[PDB]
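Number of protein chains: 2
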Amino acid sequence: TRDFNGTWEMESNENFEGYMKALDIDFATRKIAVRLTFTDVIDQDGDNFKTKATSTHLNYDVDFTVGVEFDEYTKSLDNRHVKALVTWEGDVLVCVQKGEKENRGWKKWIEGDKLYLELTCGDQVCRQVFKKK
Amino acid sequence: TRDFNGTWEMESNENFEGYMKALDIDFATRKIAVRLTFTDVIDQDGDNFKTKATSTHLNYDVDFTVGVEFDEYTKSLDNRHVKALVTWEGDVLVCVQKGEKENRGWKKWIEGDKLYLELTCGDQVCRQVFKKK
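Going line by line, the protein sequences match chains B and A.
FYI, in PDB author numbering the residues of the first sequence are 1 to 133.
FYI, in PDB author numbering the residues of the second sequence are 1 to 133.
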């Protein structure tokens with residue numbers, strides 16, 4: 001068949017590292033890229049092609065019970081060990097991540113169709129908003 | 001509501017950079033991370049939470065006509081300008097990426113339910129296999 005139409009999900013990727021090193025992609029970027037899975041979307045009409053690729057990475061599961069302190073290794077971020085405790089403040093989930101870093105933690109809550117996430121470390125606050133799919 | 005169940009897709013992310021720098025995440029990783037979108041999957045039963053986050057990045061569209069050379073900027077890889085020409089070899093798509101790098105290009109073909117992609121640069125070959133979703 002000459003029909004490449006479809007959404008194609010990567011199953012295997014051999015020697016991406018060598019290919020990226022031949023392209024002079026730096027070490028820090030290769031370290032991240034070898035962990036990605038790719039999805040290629042191909043729209044083909046005869047000899048005309050429209051293609052788009054996306055890369056995705058699964059972070060690790062975080063399972064917890066509110067009120068029960070648990071160990072977390074932040075492998076997708078700074079790869080540090082913290083003792084995380086999640087508590088309710090009303091309908092807001094409040095996590096303190098006890099460890100080296102001061103005032104590290106997060107807050108999560110729902111307003112309307114949106115999930116709000118405030119991540120804190122030191123004097124820095126990151127605010128994220130998610131929409132329900 | 002205390003019900004966080006659902007698949008939540010990031011719409012907004014403010015000051016991720018400052019938060020990551022507070023965490024001592026290196027420049028090359030921050031450069032990639034500020035371009036990601038996150039999807040959080042939350043399975044909640046009372047006070048028991050199971051959560052998984054994934055990050056995704058859209059590469060740029062590549063649209064082309066077989067037999068018509070086009071300019072490509074490899075922004076998601078080495079960020080180089082190449083002159084790409086895609087030709088048919090039977091049912092195999094063969095691309096030569098004319099530029100600085102020698103013997104740079106790729107081949108794409110389908111066998112059964114699987115898409116095969118061979119990426120070449122210099123003496124390095126990367127072989128990828130995709131399954132149709």
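The C-beta atom is built at its ideal place from N, Cα and C for all residues, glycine as well.
Residue i versus residue j - alpha carbon distance
i	j	result
B/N13	B/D61	24 Å
B/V129	B/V86	20 Å
A/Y116	A/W109	5 Å
A/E11	A/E89	43 Å
residue 134 of chain B	A/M20	There is no way to answer for residue 134 of chain B, as the model of chain B reaches only from 1 to 133.
residue 134 of chain A	A/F38	As shown, chain A starts at 1 and ends at 133. That puts residue 134 of chain A outside it, with no answer to give.
A/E111	A/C121	24 Å
A/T1	B/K132	14 Å
A/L93	A/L77	21 Å
B/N15	B/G99	38 Å
A/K50	B/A84	14 Å
B/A22	A/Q124	7 Å
A/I32	A/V82	23 Å
B/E17	A/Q97	19 Å
A/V34	A/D24	15 Å
A/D91	B/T65	54 Å
A/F4	A/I42	6 Å
B/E102	B/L36	31 Å
A/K114	B/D63	35 Å
B/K107	B/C95	6 Å
Residue(s) in a DSSP beta bridge with residue i
i	result
A/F70	A/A84
B/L115	B/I110, B/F130
A/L23	Its beta-bridge partners do not exist; DSSP assigns none.
B/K98	B/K83
B/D45	B/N48
A/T1	Bridge partners of A/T1: none, in fact.
B/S55	B/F38, A/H57
B/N13	A/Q128
A/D63	B/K50
A/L93	A/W88, A/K108
A/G6	A/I42
A/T120	A/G105, A/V125
Nearest-angstrom beta carbon gap, residue j and residue i [assumed within contact, 8 Å]
i	j	result
A/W8	A/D45	That belief does not hold up - the Cβ atoms of A/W8 and A/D45 are roughly 17 Å apart, past 8 Å.
B/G67	A/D47	7 Å
A/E118	A/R127	5 Å
Contact test: residue i Cβ vs the ligand SAM heavy atom, cutoff 8 Å
i	result
A/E11	Looking for the ligand SAM in the displayed structure turns up nothing, as the structure carries no ligands at all.
Original post:
Listed in chain order, which residues of the region 51 to 68 of chain A have Cβ atoms closer than 7 Å to some Cβ of chain B?
Top reply: Listed in chain order, the positions of the region 51 to 68 of chain A with a beta carbon within less than 7 Å of a beta carbon of chain B are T51, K52, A53, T54, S55, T56, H57, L58, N59, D61, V62, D63, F64, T65, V66, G67.
**OP:** Flag this pair as touching only if the region 21 to 34 of chain A and the region 24 to 41 of chain B have three or more C-beta atom pairs under 8 Å; answer yes or no.
**Re:** Flag = yes, the region 21 to 34 of chain A and the region 24 to 41 of chain B touch.
Original post:
How about the region 48 to 56 of chain A and the region 67 to 75 of chain A: do they share at least three Cβ pairs that are nearer than 8 Å?
Top reply: Contact between the region 48 to 56 of chain A and the region 67 to 75 of chain A is absent: fewer than 3 CB-CB pairs across the two stretches fall below 8 Å.
**OP:** Identify each residue in the region 6 to 30 of chain A for which the Cβ-Cβ distance to at least one residue of chain B is less than 7 Å, and report them in chain order.
**Re:** Flagged, chain order: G6, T7, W8, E9, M10, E11, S12, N13, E14, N15, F16, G18, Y19, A22, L23, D24, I25, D26, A28, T29.
Subject >> Under 8 Å (Cβ pairs) to chain B, residues found in the region 85 to 108 of chain A >> reply: Residues passing the 8 Å Cβ filter: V86, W88, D91, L93, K101, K108.
Original post:
For the region 114 to 129 of chain A, which residues have a beta carbon sitting closer than 7 Å to at least one beta carbon of chain B?
Top reply: For the region 114 to 129 of chain A, the residues whose beta carbon sits under 7 Å from a beta carbon of chain B are, in order, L115, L119, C121, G122, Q124, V125, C126, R127, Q128, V129.
Subject >> Contact residues within the region 39 to 51 of chain B, judged by C-beta distance below 7 Å to chain A >> reply: From the region 39 to 51 of chain B, only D40, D47, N48, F49, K50, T51 have a Cβ closer than 7 Å to chain A.
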